[PDB]
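Down below is the structure, laid out as structure tokens.
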Amino acid sequence: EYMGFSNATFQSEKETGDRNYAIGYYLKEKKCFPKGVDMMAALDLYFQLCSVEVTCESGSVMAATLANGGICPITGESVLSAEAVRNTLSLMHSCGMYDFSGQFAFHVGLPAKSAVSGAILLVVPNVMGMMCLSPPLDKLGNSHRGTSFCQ
Amino acid sequence: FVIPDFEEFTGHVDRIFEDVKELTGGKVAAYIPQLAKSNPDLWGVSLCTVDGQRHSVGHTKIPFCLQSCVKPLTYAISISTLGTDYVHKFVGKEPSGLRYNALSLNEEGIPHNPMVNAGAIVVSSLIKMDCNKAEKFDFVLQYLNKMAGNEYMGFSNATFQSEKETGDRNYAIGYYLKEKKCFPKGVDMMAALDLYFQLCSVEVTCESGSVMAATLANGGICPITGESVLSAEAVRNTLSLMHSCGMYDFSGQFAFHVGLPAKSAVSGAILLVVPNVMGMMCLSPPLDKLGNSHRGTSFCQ
Amino acid sequence: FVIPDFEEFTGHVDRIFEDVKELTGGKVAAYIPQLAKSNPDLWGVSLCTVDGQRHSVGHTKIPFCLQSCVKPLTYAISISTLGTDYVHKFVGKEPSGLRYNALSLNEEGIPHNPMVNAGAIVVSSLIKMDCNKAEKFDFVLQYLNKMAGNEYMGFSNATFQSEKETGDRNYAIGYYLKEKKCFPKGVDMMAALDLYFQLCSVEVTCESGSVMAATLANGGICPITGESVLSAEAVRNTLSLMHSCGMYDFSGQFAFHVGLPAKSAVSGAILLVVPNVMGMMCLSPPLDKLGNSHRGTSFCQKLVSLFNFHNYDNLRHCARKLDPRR
Amino acid sequence: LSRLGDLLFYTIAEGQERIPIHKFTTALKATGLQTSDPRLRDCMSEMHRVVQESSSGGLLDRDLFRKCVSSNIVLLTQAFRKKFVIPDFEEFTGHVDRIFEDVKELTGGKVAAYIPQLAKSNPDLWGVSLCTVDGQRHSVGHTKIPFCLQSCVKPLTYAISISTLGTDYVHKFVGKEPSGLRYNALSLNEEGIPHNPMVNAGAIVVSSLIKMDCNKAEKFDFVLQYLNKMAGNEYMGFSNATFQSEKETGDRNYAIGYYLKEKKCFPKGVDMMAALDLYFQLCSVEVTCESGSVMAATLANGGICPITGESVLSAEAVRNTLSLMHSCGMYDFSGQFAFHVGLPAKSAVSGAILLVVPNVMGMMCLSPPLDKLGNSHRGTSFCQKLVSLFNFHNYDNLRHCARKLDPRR
Ligand SMILES: NC(=O)CC[C@H](N)C(=O)O
Ligand SMILES: NC(=O)CC[C@H](N)C(=O)O
Ligand SMILES: NC(=O)CC[C@H](N)C(=O)O
Ligand SMILES: NC(=O)CC[C@H](N)C(=O)O
């Protein structure tokens, strides 16, 4: 499905994503990365991936892949292993939305991943996947309309 | 002169020098590659009265870096040029309580003091922010030479490249400060951080730095050249921070026991100051737990 | 005497006294409702030269509680009667930079310094732990009376019953210290915690308060009576902590602009000390955000800028700043 | 076999029964060989402690001196018997001083269009120093002012690589022929490598060969240790002011580095920036004419520092770099220099000329003013004049020629 790249956002985050640079150098001092691994290339890739563009239709299928045991429903390819999905969903439930991981497992109970672009990659295991877009965010860095819709 | 009996004074200094030479020390600061190269047995002391009396025992002439002893100097340089209110509008003036790394800021959103790594970058950011890198270092080096009475004022690019390629924590603080709007508008972070690494890598002997500390004791007048390098208020501020913030966490246990304005460094330097009397500097590489030389700090006590 | 021409010296203080009188702060005391009842328009100062030469202008006749200004004293009681080595086994000697409540211990598990509330409880626990509660209070009171030269020394029971029914952070600190086992063996924490409240609730006038801070401006010997209250090492030990830890977070700011050992207090007291010169005790109930009197801090700031009392003046020439005791 | 030092002292003395102590400390350096050499350091060390308890209170005595100076006996014999390779050193320095005065009148121009930290230097700064292959030294003028070693480390750093990596590995990546296209020279030879190590395009590549596996600190630290041994542990610093210049504003070098990386002319798995950064660091090393004269006297010899006698450079390294500085050291002006001077010299925008006279001596001039091609105006004149009055040209001393000063007699 649609898969682009917001270079404008990519350049807005490289030049202004100052906290993400502190973490990269903070990690580098603690030897958190593997041996013989450049942090700048790894940090840069994180900026690139965060800039990937999709639509809600593309995101919904992207979430449905996690729902259907890491097998995309509309192509059927075994793109992801069963262990990857179980590990991924079990972490979005407890770590998907950071501080709002609670108050979402509490009110919604589903593994959903929030973003500052308004998206909420909502996953219903063995049923469907859903992505809700609304740029307006609340204090905890989650979309307000999206999380109200989920509840 | 302020010490008429200087001949007997050296009789006590050398006795204490040999008294503490038997002690061992802690780690030798191996977390940056270059400083591990130093021989931990180096031990020397130099002093300079505000009249010009000078004595040296040990390895005083072996060069070493002002890895953190340049923070009071660059601070005094900034205060003397821009004014107290302007400088401290960007950097606090109170002790932090954490280590010198201290990737954190006070309630106001500015670094705690001009002696922690976060504050040393900001004061380095304030030195002639509208010029290029060569002029920035030359402006600071010019006063440092005058502080030292035109003594040996060198540079150790081996350390500068070692730190610039390995000092990742200082990069974390630099990008943390830039994210919190801790720099004046239109000022680049990397230029300030790079300048801070350059100042940290300035190489001085104990003789060069003993007169450099005696300037602060003499209050902005180099005793052996009659200069007027620093304003009276600038040194009064530097000694007020270097007292309560000079040795980081060990500021207590030093103000308690020694009660003098001193500044430590990971290279073993201790830029001791005795106001209205003299300025002393001690070199001993092997550090202690909180980032100061075991022999030097015990010698001061 | 160390201050000749006393008329000239006091005259300058009087002019500064009126100048600071216009400034108004706020937030007298969020807690201890008994302290929130004090008059915000109350402002008094007093001094006592190391040789008895004393002056006082303002509201120096109104008793006020000695909250957190007895910490440098009660520390001096323990440091002299138990030595420096024993006392600092249980309390550090470095600033915390985390306010005075500061439910936080240093790296090695002991409270940061005697001046924070966590350290004042421990040092208060060291004073005659084998005796009963009446004797523990009386033991410190006898030295406290001797420090002030048998001047006025009351006890505001109104403020002591407050700070105990409503003073809960001190209890949380007290039980926190018990969990970490940073008390001497065979000691009841509650008895030591209660002793801290009582010492805090002692009330003195500025005129009597200025006698204190002139005792320890000297080498412990009282200026009025000439007695020998505290050991000379005790005064050095506590002064070196008041400079670094006296005002808590504001210690750096105070040491920068004033550079004298001063101890803050929620009652508005500031036990300012000028070593080998005199001892000051300002009073202004309204505080700043950091727990310091707005008028008292302003007076200390202005006085140092005119009298050369800073720790790092007289470098070569500096400003004139009047005659420095010569 | 017998040690004739006892009779040698009688020759050293003027023949009188006594001599004041004051006359021995002073006026003894007239022979050129300084009193600060490490070789004779042992003599000065011991005498300082024996004076307190000697029952003479100011007498060194002959018997005591002979016993202590035992292992270093051979060196002193050549010094005072005038058996060095340059005798009558007073006349040699006397002529040198004369041209130093005469050449001082000249004035060039265009001190530095770029590297602003070089444009701040005093145009009227002029000095020279020479340290013969035997360590005999004489300096006059402003020799004590540190100056950057830009483009003088190129012959040295080339010698470092070859002596540690072989002649065939180094020259796989850099040619050995002059280019005649200035020192910047964004151009490669027919076989796709920089024309010679002396141009900027080659100096970066040879700088890339020095410990390509180590980190930045050790790469610089490796070379600086050799440069200390080459200079005999004389003054050797690092001008960070000029290193921060030539890196923010030195842009033609960056183009060469990226141009070279484009042609894949670096070794395998080597970062151009790390090699280019080292080129700026080596270029930024500051040395005085007095200290920098021992350099160009180390490689005037067969790779041994004349002062300490340490073996620092392979004789093949010195032979190769000397054969290379002659035709490529001074860029376009190499032919003009080789025509009138005919000596291995290396230019610099900081006024330095690393003059070399193999088997004889090695000089180091200093004149911040430049000529059009990037060579010091005053320094070049001294070399041209000096050769015309000392026969240092390679193709002189045919059989008898004219008198031409003393012909080794
Ligand atoms: N929602 C998010 O995790 C936003 C990530 C974003 N790249 C940031 O650094 O702030
Ligand atoms: N406190 C120190 O001595 C270290 C100084 C050095 N600039 C660093 O932060 O690594
Ligand atoms: N000055 C203060 O910090 C007040 C302390 C508080 N009254 C107590 O008893 O602990
Ligand atoms: N001609 C030279 O000496 C070159 C100077 C210096 N290496 C530069 O390229 O800027």
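Letters A, B, ... go to the chains of the structure tokens in the order shown; residues in each chain start at 1; ligands are counted from 1 in the same order.
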Query - Near-ligand residues for ligand 1, threshold 12 Å, only C-alpha atoms and all ligand atoms, as a PyMOL selection string - result: (chain A and resi 9-24+43-52+95-100+113-121+135+137-143) or (chain B and resi 179)
Query raised in the report: Taking the backbone alone, and naming residues the way the document does, which bits of chain A are strand (DSSP E) by DSSP, as number ranges by chain?
Result: A: 4-5, 52-53, 112-114, 120-124, 128-132
Only N, CA and C atoms, please: the residues just picked out, written as an mmCIF file, in the first residue's frame.
```
data_model
loop_
_atom_site.group_PDB
_atom_site.id
_atom_site.type_symbol
_atom_site.label_atom_id
_atom_site.label_comp_id
_atom_site.auth_asym_id
_atom_site.auth_seq_id
_atom_site.Cartn_x
_atom_site.Cartn_y
_atom_site.Cartn_z
ATOM 1 N N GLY A 4 5.419 6.351 1.789
ATOM 2 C CA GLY A 4 6.235 7.450 1.312
ATOM 3 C C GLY A 4 7.338 7.838 2.273
ATOM 4 N N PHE A 5 7.728 9.109 2.247
ATOM 5 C CA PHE A 5 8.780 9.605 3.130
ATOM 6 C C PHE A 5 8.653 11.117 3.206
ATOM 7 N N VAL A 52 8.791 8.013 7.788
ATOM 8 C CA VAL A 52 8.076 7.257 6.766
ATOM 9 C C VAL A 52 6.615 7.684 6.757
ATOM 10 N N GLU A 53 6.083 7.938 5.565
ATOM 11 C CA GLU A 53 4.710 8.394 5.402
ATOM 12 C C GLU A 53 3.802 7.222 5.068
ATOM 13 N N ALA A 112 -1.964 -0.579 21.648
ATOM 14 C CA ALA A 112 -1.971 0.528 20.707
ATOM 15 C C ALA A 112 -0.709 1.353 20.885
ATOM 16 N N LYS A 113 -0.206 1.880 19.773
ATOM 17 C CA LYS A 113 1.007 2.685 19.751
ATOM 18 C C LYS A 113 0.653 4.103 19.338
ATOM 19 N N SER A 114 1.024 5.067 20.171
ATOM 20 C CA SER A 114 0.750 6.472 19.926
ATOM 21 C C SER A 114 1.910 7.119 19.181
ATOM 22 N N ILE A 120 -2.715 6.583 16.104
ATOM 23 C CA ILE A 120 -2.801 5.595 17.175
ATOM 24 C C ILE A 120 -2.974 4.226 16.535
ATOM 25 N N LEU A 121 -1.888 3.458 16.455
ATOM 26 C CA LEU A 121 -1.894 2.168 15.767
ATOM 27 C C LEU A 121 -2.599 1.152 16.661
ATOM 28 N N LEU A 122 -3.928 1.191 16.628
ATOM 29 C CA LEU A 122 -4.734 0.322 17.475
ATOM 30 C C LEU A 122 -4.777 -1.083 16.888
ATOM 31 N N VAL A 123 -4.551 -2.083 17.739
ATOM 32 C CA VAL A 123 -4.516 -3.484 17.339
ATOM 33 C C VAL A 123 -5.533 -4.246 18.174
ATOM 34 N N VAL A 124 -6.374 -5.028 17.508
ATOM 35 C CA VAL A 124 -7.294 -5.957 18.150
ATOM 36 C C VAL A 124 -6.829 -7.368 17.788
ATOM 37 N N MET A 128 -8.760 -7.534 14.091
ATOM 38 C CA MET A 128 -8.486 -6.497 13.103
ATOM 39 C C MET A 128 -7.359 -5.603 13.598
ATOM 40 N N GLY A 129 -7.038 -4.613 12.776
ATOM 41 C CA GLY A 129 -6.130 -3.552 13.168
ATOM 42 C C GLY A 129 -6.666 -2.227 12.674
ATOM 43 N N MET A 130 -6.354 -1.170 13.418
ATOM 44 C CA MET A 130 -6.987 0.122 13.201
ATOM 45 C C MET A 130 -6.007 1.230 13.558
ATOM 46 N N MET A 131 -5.951 2.260 12.716
ATOM 47 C CA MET A 131 -5.126 3.438 12.967
ATOM 48 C C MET A 131 -6.005 4.675 12.885
ATOM 49 N N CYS A 132 -5.973 5.490 13.936
ATOM 50 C CA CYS A 132 -6.797 6.686 14.051
ATOM 51 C C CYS A 132 -5.899 7.915 14.081
#
```
Query - Contact residues (chain B, partner chain C, 9 Å, only C-alpha atoms) as a VMD selection string - result: chain B and resid 92 to 98 113 216 to 221 232 to 233 235 to 237 239 to 241 243 to 245 249 to 253 255 to 257 259 275 to 276
Requested in this report: Could you give me, as a PyMOL selection string, the residues within 8 Å of stretch 363-369 of chain D, counting only C-alpha atoms and dropping anything in the same chain fewer than 3 positions from it?
Outcome: chain D and resi 107-112+121-131+143+289-290+292-293+296-297+349-356+376-379
Residues from last step as file, C-alpha atoms, as a JSON list (two decimals), in the first residue's frame:
```json
[["chain", "number", "residue", "atom", "x", "y", "z"],
["D", 107, "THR", "CA", 60.45, 42.92, 1.77],
["D", 108, "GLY", "CA", 57.99, 40.73, -0.11],
["D", 109, "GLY", "CA", 54.23, 40.75, 0.28],
["D", 110, "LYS", "CA", 51.02, 38.74, 0.36],
["D", 111, "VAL", "CA", 51.68, 37.24, 3.78],
["D", 112, "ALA", "CA", 48.57, 35.04, 3.76],
["D", 121, "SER", "CA", 51.96, 37.40, 12.15],
["D", 122, "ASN", "CA", 54.53, 40.20, 12.11],
["D", 123, "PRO", "CA", 55.83, 40.75, 8.55],
["D", 124, "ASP", "CA", 59.18, 42.05, 9.86],
["D", 125, "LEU", "CA", 60.01, 38.81, 11.71],
["D", 126, "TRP", "CA", 63.25, 37.31, 10.39],
["D", 127, "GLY", "CA", 65.62, 34.69, 11.77],
["D", 128, "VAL", "CA", 67.74, 31.66, 10.98],
["D", 129, "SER", "CA", 69.44, 28.77, 12.75],
["D", 130, "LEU", "CA", 71.69, 25.91, 11.68],
["D", 131, "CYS", "CA", 72.55, 22.65, 13.45],
["D", 143, "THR", "CA", 64.82, 32.17, 16.20],
["D", 289, "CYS", "CA", 63.87, 27.77, 14.15],
["D", 290, "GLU", "CA", 66.34, 26.64, 16.82],
["D", 292, "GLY", "CA", 63.35, 23.04, 13.81],
["D", 293, "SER", "CA", 66.98, 23.22, 12.70],
["D", 296, "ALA", "CA", 66.49, 18.96, 8.52],
["D", 297, "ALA", "CA", 69.71, 18.04, 10.31],
["D", 349, "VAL", "CA", 53.06, 29.62, 3.82],
["D", 350, "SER", "CA", 54.18, 30.35, 7.40],
["D", 351, "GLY", "CA", 57.58, 31.50, 6.10],
["D", 352, "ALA", "CA", 59.44, 28.30, 6.97],
["D", 353, "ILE", "CA", 62.12, 26.86, 4.70],
["D", 354, "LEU", "CA", 63.37, 23.42, 5.75],
["D", 355, "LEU", "CA", 66.74, 23.70, 4.06],
["D", 356, "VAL", "CA", 69.00, 20.63, 4.03],
["D", 376, "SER", "CA", 59.18, 33.21, 1.66],
["D", 377, "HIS", "CA", 60.80, 36.17, -0.09],
["D", 378, "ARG", "CA", 63.58, 36.77, 2.44],
["D", 379, "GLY", "CA", 64.18, 33.08, 3.12]]
```
Report summary line: Here atom CA of residue B:150 and atom 2 (C, counted along the ligand's line) of ligand 2 stand apart by 24.9 Å
Around ligand 4, at most 10 Å away and counting only C-alpha atoms and all ligand atoms, which residues are there? Put them as a short mmCIF file (atom, residue, chain, number, x, y, z; two decimals) with N, CA, C and O atoms, in the first residue's frame, please.
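This is the output file selection05.cif:
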```
data_model
loop_
_atom_site.label_atom_id
_atom_site.label_comp_id
_atom_site.auth_asym_id
_atom_site.auth_seq_id
_atom_site.Cartn_x
_atom_site.Cartn_y
_atom_site.Cartn_z
N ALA D 112 49.48 36.18 3.81
CA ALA D 112 48.57 35.04 3.76
C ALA D 112 47.19 35.54 3.37
O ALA D 112 46.57 36.29 4.14
N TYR D 114 44.71 33.45 3.06
CA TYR D 114 43.82 32.55 3.79
C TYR D 114 44.49 32.11 5.09
O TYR D 114 45.62 32.52 5.37
N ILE D 115 43.82 31.27 5.87
CA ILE D 115 44.28 30.93 7.22
C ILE D 115 44.48 32.23 7.98
O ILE D 115 45.62 32.69 8.13
N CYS D 148 54.28 27.83 12.91
CA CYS D 148 53.66 26.58 12.51
C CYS D 148 54.50 25.87 11.46
O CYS D 148 55.18 26.49 10.64
N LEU D 149 54.45 24.54 11.49
CA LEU D 149 55.23 23.69 10.61
C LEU D 149 54.45 23.28 9.36
O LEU D 149 54.66 22.17 8.85
N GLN D 150 53.55 24.13 8.88
CA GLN D 150 52.74 23.79 7.72
C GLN D 150 53.61 23.48 6.52
O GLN D 150 54.52 24.25 6.19
N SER D 151 53.35 22.34 5.88
CA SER D 151 54.03 21.90 4.66
C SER D 151 55.50 21.58 4.86
O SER D 151 56.17 21.17 3.90
N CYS D 152 56.03 21.74 6.07
CA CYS D 152 57.34 21.21 6.42
C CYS D 152 57.25 19.83 7.04
O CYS D 152 58.24 19.09 7.02
N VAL D 153 56.08 19.46 7.57
CA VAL D 153 55.88 18.11 8.06
C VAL D 153 55.65 17.12 6.92
O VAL D 153 55.70 15.91 7.15
N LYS D 154 55.38 17.60 5.71
CA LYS D 154 55.19 16.70 4.58
C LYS D 154 56.42 15.85 4.30
O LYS D 154 56.28 14.62 4.19
N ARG D 182 51.05 24.10 -8.96
CA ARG D 182 50.87 24.66 -7.63
C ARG D 182 50.72 23.55 -6.60
O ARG D 182 50.71 22.36 -6.95
N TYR D 183 50.63 23.91 -5.31
CA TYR D 183 50.54 22.89 -4.27
C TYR D 183 49.12 22.41 -4.04
O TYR D 183 48.94 21.27 -3.60
N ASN D 184 48.11 23.24 -4.31
CA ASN D 184 46.72 22.79 -4.17
C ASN D 184 46.45 21.66 -5.16
O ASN D 184 46.22 20.52 -4.74
N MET D 198 54.59 15.67 -1.84
CA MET D 198 54.75 17.06 -1.42
C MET D 198 53.52 17.90 -1.70
O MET D 198 53.23 18.83 -0.93
N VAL D 199 52.78 17.63 -2.77
CA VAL D 199 51.57 18.39 -3.05
C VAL D 199 50.52 18.06 -2.00
O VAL D 199 50.64 17.05 -1.28
N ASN D 200 49.50 18.90 -1.88
CA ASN D 200 48.44 18.66 -0.90
C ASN D 200 47.72 17.35 -1.19
O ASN D 200 47.28 16.66 -0.26
N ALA D 201 47.59 16.99 -2.47
CA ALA D 201 46.88 15.76 -2.82
C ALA D 201 47.64 14.52 -2.36
O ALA D 201 47.02 13.51 -2.02
N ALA D 203 50.14 14.67 0.19
CA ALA D 203 50.38 14.77 1.63
C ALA D 203 49.22 14.19 2.42
O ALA D 203 49.42 13.66 3.53
N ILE D 204 48.00 14.28 1.89
CA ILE D 204 46.85 13.70 2.57
C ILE D 204 46.92 12.18 2.51
O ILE D 204 46.59 11.49 3.48
N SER D 245 41.75 27.49 12.67
CA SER D 245 41.87 27.96 11.31
C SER D 245 42.35 26.79 10.45
O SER D 245 42.65 25.71 10.95
N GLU D 246 42.33 26.98 9.13
CA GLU D 246 42.76 25.95 8.19
C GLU D 246 41.84 24.72 8.21
O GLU D 246 42.04 23.78 7.44
N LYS D 247 40.80 24.74 9.05
CA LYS D 247 39.82 23.67 9.17
C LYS D 247 38.40 24.18 9.01
O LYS D 247 37.57 23.52 8.38
N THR D 249 38.06 27.30 7.62
CA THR D 249 38.22 28.14 6.44
C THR D 249 39.19 27.58 5.42
O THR D 249 39.33 28.17 4.34
N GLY D 250 39.85 26.46 5.71
CA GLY D 250 40.68 25.83 4.70
C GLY D 250 39.83 24.90 3.87
O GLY D 250 39.60 23.75 4.25
N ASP D 251 39.36 25.40 2.73
CA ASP D 251 38.37 24.70 1.92
C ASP D 251 38.97 23.99 0.72
O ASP D 251 38.40 23.00 0.26
N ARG D 252 40.11 24.46 0.21
CA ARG D 252 40.70 23.82 -0.96
C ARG D 252 41.22 22.44 -0.60
O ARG D 252 41.25 21.54 -1.45
N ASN D 253 41.66 22.27 0.65
CA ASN D 253 42.08 20.95 1.11
C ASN D 253 40.90 19.99 1.21
O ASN D 253 41.03 18.81 0.87
N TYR D 254 39.74 20.48 1.66
CA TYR D 254 38.56 19.62 1.73
C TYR D 254 38.16 19.13 0.35
O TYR D 254 37.78 17.96 0.19
N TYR D 279 46.17 15.53 8.72
CA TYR D 279 46.98 16.43 7.91
C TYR D 279 46.94 17.85 8.47
O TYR D 279 47.94 18.57 8.45
N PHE D 280 45.77 18.28 8.97
CA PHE D 280 45.68 19.59 9.60
C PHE D 280 46.44 19.61 10.92
O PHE D 280 47.05 20.63 11.28
N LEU D 282 49.13 17.68 11.86
CA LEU D 282 50.56 17.73 11.58
C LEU D 282 50.96 19.11 11.06
O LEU D 282 51.99 19.66 11.46
N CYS D 283 50.15 19.67 10.17
CA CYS D 283 50.40 21.02 9.67
C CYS D 283 50.40 22.05 10.78
O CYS D 283 51.06 23.09 10.65
N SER D 284 49.68 21.80 11.87
CA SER D 284 49.53 22.78 12.94
C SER D 284 50.61 22.68 14.01
O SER D 284 50.64 23.52 14.91
N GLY D 329 59.83 19.68 -3.55
CA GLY D 329 59.64 20.32 -2.26
C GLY D 329 58.98 21.68 -2.36
O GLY D 329 58.09 22.00 -1.57
N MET D 330 59.39 22.49 -3.33
CA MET D 330 58.98 23.89 -3.42
C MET D 330 57.96 24.14 -4.53
O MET D 330 57.74 25.29 -4.91
N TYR D 331 57.33 23.09 -5.05
CA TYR D 331 56.23 23.21 -6.01
C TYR D 331 56.79 23.84 -7.29
O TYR D 331 57.84 23.39 -7.77
N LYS D 346 62.09 22.70 1.62
CA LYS D 346 60.64 22.57 1.67
C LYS D 346 60.03 23.89 2.11
O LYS D 346 60.40 24.44 3.15
N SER D 347 59.08 24.39 1.32
CA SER D 347 58.49 25.69 1.56
C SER D 347 57.34 25.60 2.56
O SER D 347 56.98 24.53 3.04
N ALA D 348 56.76 26.76 2.86
CA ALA D 348 55.64 26.84 3.78
C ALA D 348 55.04 28.24 3.71
O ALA D 348 55.77 29.22 3.56
N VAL D 349 53.71 28.32 3.81
CA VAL D 349 53.06 29.62 3.82
C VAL D 349 53.31 30.37 5.12
O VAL D 349 53.04 31.57 5.20
N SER D 350 53.82 29.70 6.15
CA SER D 350 54.18 30.35 7.40
C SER D 350 55.59 30.91 7.39
O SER D 350 56.09 31.32 8.44
N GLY D 351 56.25 30.95 6.22
CA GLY D 351 57.58 31.50 6.10
C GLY D 351 58.70 30.51 6.31
O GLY D 351 59.87 30.88 6.13
N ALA D 352 58.40 29.27 6.68
CA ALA D 352 59.44 28.30 6.97
C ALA D 352 60.07 27.77 5.69
O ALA D 352 59.38 27.52 4.70
N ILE D 353 61.39 27.59 5.73
CA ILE D 353 62.12 26.86 4.70
C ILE D 353 62.96 25.81 5.40
O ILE D 353 63.85 26.14 6.19
N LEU D 373 54.34 32.49 -5.61
CA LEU D 373 54.15 31.04 -5.70
C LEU D 373 54.01 30.36 -4.35
O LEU D 373 53.80 29.14 -4.31
N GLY D 374 54.10 31.10 -3.24
CA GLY D 374 53.94 30.52 -1.93
C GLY D 374 55.26 30.16 -1.28
O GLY D 374 55.40 29.08 -0.69
N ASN D 375 56.24 31.05 -1.40
CA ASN D 375 57.56 30.86 -0.81
C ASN D 375 58.01 32.16 -0.16
O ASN D 375 57.68 33.25 -0.64
#
```
Requested in this report: as a ChimeraX atom specification, please: all residues of stretch 4-118 of chain A that backbone DSSP puts in alpha helix (DSSP H).
Outcome: /A:7-16,18-29,39-50,56-67,82-95
Query - Neighbours of chain B in chain D at 9 Å, counting only C-alpha atoms, as a ChimeraX atom specification - result: /D:116-117,215-221,237-245,248,281
Residues near residue B:100, anyone? I mean within 7 Å using only C-alpha atoms, not counting same-chain ones fewer than 5 positions away, as a PDB file with N, CA, C and O atoms, in the first residue's frame.
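As written to disk, selection.pdb reads:
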```pdb
ATOM      1  N   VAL B 116      30.068  23.035  36.922  1.00  0.00           N
ATOM      2  CA  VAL B 116      29.672  21.728  36.407  1.00  0.00           C
ATOM      3  C   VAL B 116      29.828  21.751  34.893  1.00  0.00           C
ATOM      4  O   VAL B 116      29.935  22.823  34.287  1.00  0.00           O
ATOM      5  N   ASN B 117      29.848  20.569  34.273  1.00  0.00           N
ATOM      6  CA  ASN B 117      30.091  20.494  32.836  1.00  0.00           C
ATOM      7  C   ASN B 117      29.013  21.231  32.055  1.00  0.00           C
ATOM      8  O   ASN B 117      29.293  21.825  31.007  1.00  0.00           O
ATOM      9  N   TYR B 248      33.239  19.879  43.103  1.00  0.00           N
ATOM     10  CA  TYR B 248      32.024  19.110  42.804  1.00  0.00           C
ATOM     11  C   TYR B 248      31.483  18.512  44.096  1.00  0.00           C
ATOM     12  O   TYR B 248      31.280  19.266  45.064  1.00  0.00           O
TER      13      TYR B 248
END
```
Residues within 9 Å of ligand 2, counting only C-alpha atoms and all ligand atoms: report them as a JSON list (two decimals) with C-alpha atoms, in the first residue's frame.
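That gives us result_31.json:
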```json
[["chain", "number", "residue", "atom", "x", "y", "z"],
["B", 32, "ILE", "CA", 39.41, 8.63, 28.31],
["B", 66, "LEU", "CA", 43.77, 21.89, 32.61],
["B", 67, "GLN", "CA", 40.97, 19.41, 32.07],
["B", 68, "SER", "CA", 38.64, 21.21, 34.50],
["B", 69, "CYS", "CA", 40.83, 23.90, 36.11],
["B", 70, "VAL", "CA", 40.05, 26.19, 33.16],
["B", 71, "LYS", "CA", 36.42, 26.58, 34.28],
["B", 99, "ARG", "CA", 28.70, 14.80, 39.95],
["B", 100, "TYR", "CA", 30.41, 17.09, 37.46],
["B", 101, "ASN", "CA", 28.72, 15.29, 34.56],
["B", 115, "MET", "CA", 31.70, 24.79, 37.44],
["B", 116, "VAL", "CA", 29.67, 21.73, 36.41],
["B", 117, "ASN", "CA", 30.09, 20.49, 32.84],
["B", 118, "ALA", "CA", 26.70, 21.92, 31.86],
["B", 120, "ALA", "CA", 31.20, 25.30, 31.78],
["B", 163, "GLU", "CA", 38.34, 13.81, 24.28],
["B", 167, "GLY", "CA", 33.84, 12.63, 25.44],
["B", 168, "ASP", "CA", 30.33, 11.45, 24.66],
["B", 169, "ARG", "CA", 28.87, 12.64, 27.97],
["B", 170, "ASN", "CA", 29.80, 16.24, 27.16],
["B", 196, "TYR", "CA", 35.17, 23.98, 25.78],
["B", 197, "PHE", "CA", 37.16, 20.93, 24.67],
["B", 199, "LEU", "CA", 40.17, 25.12, 26.71],
["B", 200, "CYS", "CA", 40.11, 21.85, 28.64],
["B", 201, "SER", "CA", 43.09, 20.65, 26.58],
["B", 247, "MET", "CA", 35.58, 20.26, 43.74],
["B", 248, "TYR", "CA", 32.02, 19.11, 42.80],
["B", 264, "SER", "CA", 40.02, 19.88, 40.73],
["B", 265, "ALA", "CA", 40.69, 18.26, 37.37],
["B", 266, "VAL", "CA", 40.72, 14.71, 36.04],
["B", 267, "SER", "CA", 44.39, 15.24, 35.13],
["B", 268, "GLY", "CA", 45.25, 15.46, 38.85],
["B", 269, "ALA", "CA", 45.52, 19.24, 39.00],
["B", 291, "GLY", "CA", 37.10, 13.10, 40.69],
["B", 292, "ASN", "CA", 40.12, 14.59, 42.49]]
```
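One distance worth recording is that between atom CA of residue C:214 and atom 1 (N, counted along the ligand's line) of ligand 3, which is 20.6 Å.
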Report task. Produce as a ChimeraX atom specification the set of residues near ligand 3, where near means within 7 Å with only C-alpha atoms and all ligand atoms considered. Result -> /C:67-68,100,117,163,170,196-197,200,264-266,291
